[PDB]
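Residue numbers (this note's numbering), protein chains in the order written: chain D, 1 to 35; chain Y, 36 to 96; chain A, 97 to 131; chain G, 132 to 187; chain P, 188 to 220; chain R, 221 to 668; chain Z, 669 to 705; chain U, 706 to 1041; chain V, 1042 to 1387.
In this text, a Cβ means the ideal position worked out from N, Cα and C, and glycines have one as well.
Take a look at the structure below.
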Ligand SMILES: CCCCCCCCCCCCCCCCCC(=O)OC[C@H](CO[C@@H]1O[C@H](CO[C@H]2O[C@H](CO)[C@H](O)[C@H](O)[C@H]2O)[C@H](O)[C@H](O)[C@H]1O)OC(=O)CCCCCCCCCCCCCCCCC
Ligand code: CLA
Ligand code: CLA
Ligand code: CLA
Ligand SMILES: CC1=C(/C=C/C(C)=C/C=C/C(C)=C/C=C/C=C(C)/C=C/C=C(C)/C=C/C2=C(C)CCCC2(C)C)C(C)(C)CCC1
Ligand SMILES: CC1=C(/C=C/C(C)=C/C=C/C(C)=C/C=C/C=C(C)/C=C/C=C(C)/C=C/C2=C(C)CCCC2(C)C)C(C)(C)CCC1
Ligand SMILES: CC1=C(/C=C/C(C)=C/C=C/C(C)=C/C=C/C=C(C)/C=C/C=C(C)/C=C/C2=C(C)CCCC2(C)C)C(C)(C)CCC1
Ligand SMILES: CC1=C(/C=C/C(C)=C/C=C/C(C)=C/C=C/C=C(C)/C=C/C=C(C)/C=C/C2=C(C)CCCC2(C)C)C(C)(C)CCC1
Ligand code: OEX
Ligand SMILES: [Cl-]
Ligand SMILES: [Fe+2]
């Protein structure tokens, strides 16, 4: 194929673990933040 | 002598970011170490230069 | 109760010494493998 | 002193021995099991050698 | 929005970029990894 | 790199390919040795960067600063802080020095010779060469024996360390007279590990902690030279397995036990882990409750000796099962406690009634009031009470982080022991691949 | 806190502890680059 | 022959011809388990009632004292003893040993030493037959779990009274008091272990169904299907391609194992890793690192607090916090 | 067949339905796929946006601050108590946004989940008949259906409401579990004591058989990656049933000798466990619970010296009932003085 698969999963896998950090960040701030 | 130190210490991070990235590229290329042998020695020694240079003027700050 | 404490020490250090002097007696050649 | 006991739990005596008969019990049983092992060492192979273990 | 929280996250982008950049530069140029 | 069809090892058991490759393996340990120093420097600067030197150190979620502060850098009487520049230096020192280890870890792992056997003969080793292993053992016993002396020299010449048993709140003390009596030193090792005895966690003074390191400094230099000039004896040839993985699993059995001891020493020992810096222990915070709530009857004047509880046992003070005057309640299980804020209140017969009603310093209750609040029991999202405690405060003790982390870290290495010590015993015998299907032993045995 | 000649570098030092976790993630990136040979 | 007395002895312990293998772990496993078994039976039948909490209210645990099988227990060591090594000889009279929580600490010390070494001889026989050695690893998952409820948890609490009793109703009190103090259900290690056995039972029901459902026709219909297998045979007793072909149609083709050696590893690795976290769960909860706590966490504007389910589980825990050890707590915190 | 009957439209439809594909549809796919898709999609909708503030009086969504652990599709209130809560029915009357507010999205998930589980079990029948196998995979999946039907349907149809059903959320299960300890003493029902032995017993057969096979393998390759050496069409087996017998015969005392009986034993132990625990929930649905032992409640009544851990458990069940039931059952409108609830001291 055109694009190598290994930097497809790196970019998606970074943006998934980048996405998870928001939900941990949103756990201490905003709603449900216990303050 | 604060701003003398801060420009010297921003200079360190730029050199270190070169040496973190470029130095494994120098090794893992075919014959890249026989070619850039003296090139890396410039970049390594300039790292060793600045770390004492930042280290000495801490007594002056 | 001292008569009982001198008996446990004979029992334990008997079985502890069968352990220690048992594994020294060329246990790694007590295998069905061949060379 | 209603009763007589050991009085030896918080003392920190070495190996828990407080009567010196226990040290001879600790050592005399040890030397006897060693003595039977040392005699029977004649059957366990003679590895007086440069390198003769279970090597790989 | 702070200047401290922003430059921290700018600092994290540069390091995370520097990881695969060593892999990309050898997957293209050298081919010995 | 390599491939699977030349070694039979997949991408996930890939570091086992470089067993017989001496040179790559040397770069593998140096690179990993960089990351330990690199974590040491980065986490130190990170904790200095978020450090408020007026609040107590254990309140701010800190584990590496009290290690440096126990040695006595920038600290004064009572556990205060003088200056935080030496905490900045070691984070800087490890972080720059990690790059020096970092370059050597990159170099030998890529370009340096993959087997340093025939080119560099002093460094080349075969895993069955017993004399060479006892050399490489015996060199590092010196490097690990000399490192024991640095703590001794710093406690006897270079300012000393934080002695929390000094009178009137602990401070930095040069230990002039180390206790080096062999009957005193080796009494800890052959002591039972149960309650009231406490195998090596119960070393209670600074006089022994550096007093012991004179022994282990001397022995590891005497033992290091011993293994250089000698080979293992023929009983040690009849006892051990002499492969590469076998040497690893011997180590994994050791540092599994190392983790369980540091698991227990950071939970119980308030001498090497002083309570001013790491926070109080569990037994200290529980005994702090009954002491401070015995001050809360002296302001009202009721008799603490005659205060009978609901079960007829004594609300405040009762008797030990070895006959000593101790506290009461559910904290009767912690009567083996000793602490520098409470040991000046004890006589022969435990703590004295006449001394407790009259001879209380003001700083002793002030320290024993922080230790009621900052008990180590917390939660996982750092709430910090009992499980029936609402989201109010944000604290959980570093003693509870160190005891939980180094239990689990020091547990899987015992599972690491049982993996490799079985595999190294199997592969030295021959049948690590499986059953032969032609000449196998169970078909050649009697039934039952 | 940091010394005053060093205080403009607090945002960089709050990244530094997370770096060794990214080394084990790099080793899976590199093995995907060789496509798990 | 010319063999010594000792070599005659070592060619009997390591002899595999015995009905039950002994080995060198079994020379100290067998006298520890037979110790711990024979004292467990007596204290389950004839133990006088034990002061468990130190408040001198003895708790009954014997069948001869009006208990049945479910309410029988071997009561833990008293609170006043704590972690002091309390063997039989430190007590003055033998009845002083029994009243203070004697046979709990005698069993647990011989039990835990016995099951560390039952793991040992599972290695040792596997070296004596040429097997690969990792069954002893898989037995460490319950051994990690049983070391925690008997030894690692009384250390962090400081007393063997908070350990788990040796009884069926004794266990059920230990489950309740634990979650009241530590909230085990809101800890991700108990969540892994719960998935370790719900996944573990699913992976046994599913694997064991498909092997039965692909058996080759070799018997009649009056005869049982187990008679098609004769012992020690070489040829395979069930079609393997048919079961991957079935299970490939069932969800999708990538969701299956065609390699049966990769299959049986997954069946071993799933519960064993799962029990390791729930063994380390209450190991870390022994040192008072409880779990999650979302009490008073969802709030709106104007400073009011909305209930969640986590506030309902609070009320269960708060109703059990103020009821366990009912005559012990003289002070408004449960530090011990 | 074999007499040349003609083909009808139903016959033509069957070939498309039982055509091999990346996902098998079949005839059961008409019952499975639109009933399974709306179940979990109705779960993700309710846990994300839909409140529970009117039913129980507590927030349950990500749009309210509840995280993954504390979000739940909550049961309806005890006002309805047995209605099916149709979106057209008299408790809702067509209005969707008021239908969710009465907790009716619970019954949308529970009822569409039940017809999913019928359809998924029917899926395992027609795939097995297509490949001509034996139906034992279908027979094992009845035990998850008996747990589902008894706990989520038979139990509220015996109690006073759908309110006392479990809610489809993580922490909402955790009160339903804690409901059964105080109010039922569910840990002393032997039908649950046989449920545990099925669960923990099947977890043990998953760990031994997976490790006995893996350690008695036949050396067939030369690389030490022993997963590479398995051609799955080979006629011989991959491990040694003789050696594996003699290991556990001398370690444990008795071992298997029959590879056919073994995997069937791994079938029987978890299935019997759940089926013997679906019976215990049936007794709880009528409140025929094994709460008490009579001959020890009498003895503890007359004597303040006798106790066991059993009598220590009856006090803890009183601590669950007299404390959480103020908020757990808000339809009972009850309040408590702080003197009427049982405590210890301090
Ligand atoms: C409050 C305090 C309580 C204190 C309690 C006491 C605790 C004590 C703890 C000690 C722990 C040590 C345990 C490990 C010991 C390892 C011994 C060993 O691996 O041993 C291995 C070596 C092997 O030795 C070699 O053994 C060889 C055997 O050869 C024989 O066998 C060869 C082939 O096998 C050939 O065939 C050859 O022909 C044949 O002669 C040769 O003899 C060699 O010369 C010889 O060097 O043994 C040796 O060196 C052993 C050297 C050390 C011996 C120590 C003995 C101590 C005795 C103390 C006093 C006891 C009194 C007993 C009284 C009994 C009656 C009441
Ligand atoms: C810290 C852990 C660690 C370390 C030090 C090593 C080290 C090594 N591994 Mg192992 N490995 C690891 C973890 C580790 N591994 C893990 C977690 C896995 C599982 C995914 C593997 C799986 C694995 C396999 C399957 C193989 C190795 C192999 C190797 C060796 C050569 C790699 C190579 O050819 O480089 C080539 C790689 C590159 C050029 C990619 C770039 C790598 C550079 C070094 C990263 C630079 C990092 C940093 C920014 C540099 C800072 C600059 C510094 C100068 C200051 C090397 C000794 C190979 C082997 O067997 O050797 C014989 C091999 O086949 N490894
Ligand atoms: C961690 C570092 C280290 C390592 C890995 C080794 C490893 C080894 N050593 Mg070395 N050694 C070391 C440190 C080390 N040693 C030091 C520091 C010393 C100086 C004391 C020695 C002195 C030494 C000698 C003299 C010999 C070895 C030998 C050996 C080999 C076999 C050991 C054995 O069978 O143990 C198995 C363990 C036992 C059999 C039991 C040991 C338990 C001891 C006795 C502890 C008990 C002490 C006790 C607390 C004191 C009681 C006091 C009381 C009376 C109050 C092995 C290669 C032997 C060898 O092969 O020769 C080259 C050998 O003869 N070592
Ligand atoms: C085949 C798959 C399937 C199945 C089994 C169900 C089953 C169910 N759904 Mg779900 N549903 C489905 C597909 C399915 N649905 C689809 C595709 C959608 C999207 C449009 C929905 C959307 C949906 C909603 C929004 C709701 C349901 C509801 C229900 C329940 C009520 C059943 C009912 O009253 O029907 C009654 C009708 C029949 C059983 C059909 C019988 C056939 C008749 C007898 C033939 C005669 C017709 C004849 C012409 C009539 C003449 C009348 C004339 C005199 C005027 C039940 C559990 C309700 C629910 O969950 O309860 C809370 C609800 O609110 N469903
Ligand atoms: C000291 C310092 C420095 C340095 C640093 C460093 C050294 C860094 C490194 C870094 C790195 C080195 C990083 C890395 C990264 C990487 C990553 C982050 C990745 C990720 C990935 C993922 C996440 C994914 C994965 C995957 C794949 C690919 C396949 C398999 C599967 C999966 C999906 C999992 C500098 C100079 C800057 C300056 C400052 C200071
Ligand atoms: C072999 C290999 C590997 C590994 C590698 C490694 C591991 C490496 C390491 C490396 C390293 C280990 C590195 C390090 C580095 C470091 C550095 C480079 C540092 C720097 C520093 C700095 C720059 C500083 C700065 C500063 C100062 C001065 C102070 C404060 C402030 C600041 C921060 C600014 C892997 C796994 C991938 C696999 C493949 C191959
Ligand atoms: C500084 C310090 C100190 C001291 C310390 C010390 C001095 C230590 C030492 C230690 C030691 C000195 C130890 C030792 C140990 C030993 C061991 C641990 C052994 C082991 C053994 C083994 C392992 C063997 C095995 C075997 C058997 C059983 C049989 C046959 C086979 C074999 C040989 C393998 C003190 C406390 C004062 C204070 C604190 C700190
Ligand atoms: C009710 C209703 C309905 C239905 C609807 C539906 C069916 C919907 C669906 C929906 C859906 C279908 C949804 C989905 C969702 C999903 C989600 C929301 C996900 C999430 C996830 C997360 C958050 C995480 C992720 C992850 C993981 C898994 C781990 C690792 C990391 C990551 C990140 C990757 C109907 C029409 C019938 C009627 C009307 C109403
Ligand atoms: O000991 Mn069985 O549970 Ca550990 O908290 Mn206090 O003490 Mn008793 O209460 Mn809660
Ligand atoms: Cl208390
Ligand atoms: Fe199987």
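In whole angstroms, what separates the C-alpha of residue i from that of residue j?
i               : j               : result
residue 1211(V) : residue 1019(U) : 15 angstroms
residue 687(Z)  : residue 696(Z)  : 15 angstroms
residue 531(R)  : residue 1203(V) : 46 angstroms
residue 303(R)  : residue 430(R)  : 25 angstroms
residue 791(U)  : residue 705(Z)  : 60 angstroms
residue 656(R)  : residue 1260(V) : 6 angstroms
residue 428(R)  : residue 401(R)  : 10 angstroms
residue 495(R)  : residue 280(R)  : 14 angstroms
residue 968(U)  : residue 962(U)  : 6 angstroms
residue 918(U)  : residue 1268(V) : 25 angstroms
According to DSSP, is residue i part of a helix, a strand, or is it coil?
i              : result
residue 943(U) : strand
residue 570(R) : strand
residue 283(R) : coil
Assuming residue i is part of the beta strand (DSSP E), what are its boundary residues?
i              : result
residue 539(R) : 537-539
residue 320(R) : Looking at the DSSP string, residue 320(R) is not in any beta strand (DSSP E); the run it does join, the alpha helix (DSSP H), is 305-330.
residue 977(U) : Not the beta strand (DSSP E): residue 977(U) falls in the alpha helix (DSSP H), residues 965-991.
residue 547(R) : 545-547
By Cβ distance, which residues of its chain are closer than 8 angstroms to residue i, with the 5 residues on each side in sequence left out?
i               : result
residue 973(U)  : 843
residue 613(R)  : 603, 604 and 605
residue 1264(V) : 1270
Start and end of the alpha helix (DSSP H) containing residue i?
i              : result
residue 690(Z) : 689-701
So which residues on chain R does residue i lean against when the C-beta distance must stay under 8 angstroms?
i               : result
residue 711(U)  : Going along chain R, no residue has its Cβ under 8 angstroms from residue 711(U), so there is no contact; the nearest lies around 14 angstroms.
residue 1264(V) : 224, 225, 227, 228 and 229
Output needed for residue i: all residues of its chain with C-beta closer than 7 angstroms, excluding positions within five of it in sequence on either side, in chain order.
i               : result
residue 1199(V) : 1326 and 1327
Closer than 8 angstroms, CB to CB, is residue i near chain C or not?
i               : result
residue 1386(V) : In the displayed structure, chain C is absent; the protein chains listed are D, Y, A, G, P, R, Z, U and V.
Leaving out the 5 sequence neighbours to the left and right, which residues in its chain are closer than 6 angstroms to residue i when beta-carbon positions are compared?
i              : result
residue 623(R) : 483, 486 and 487
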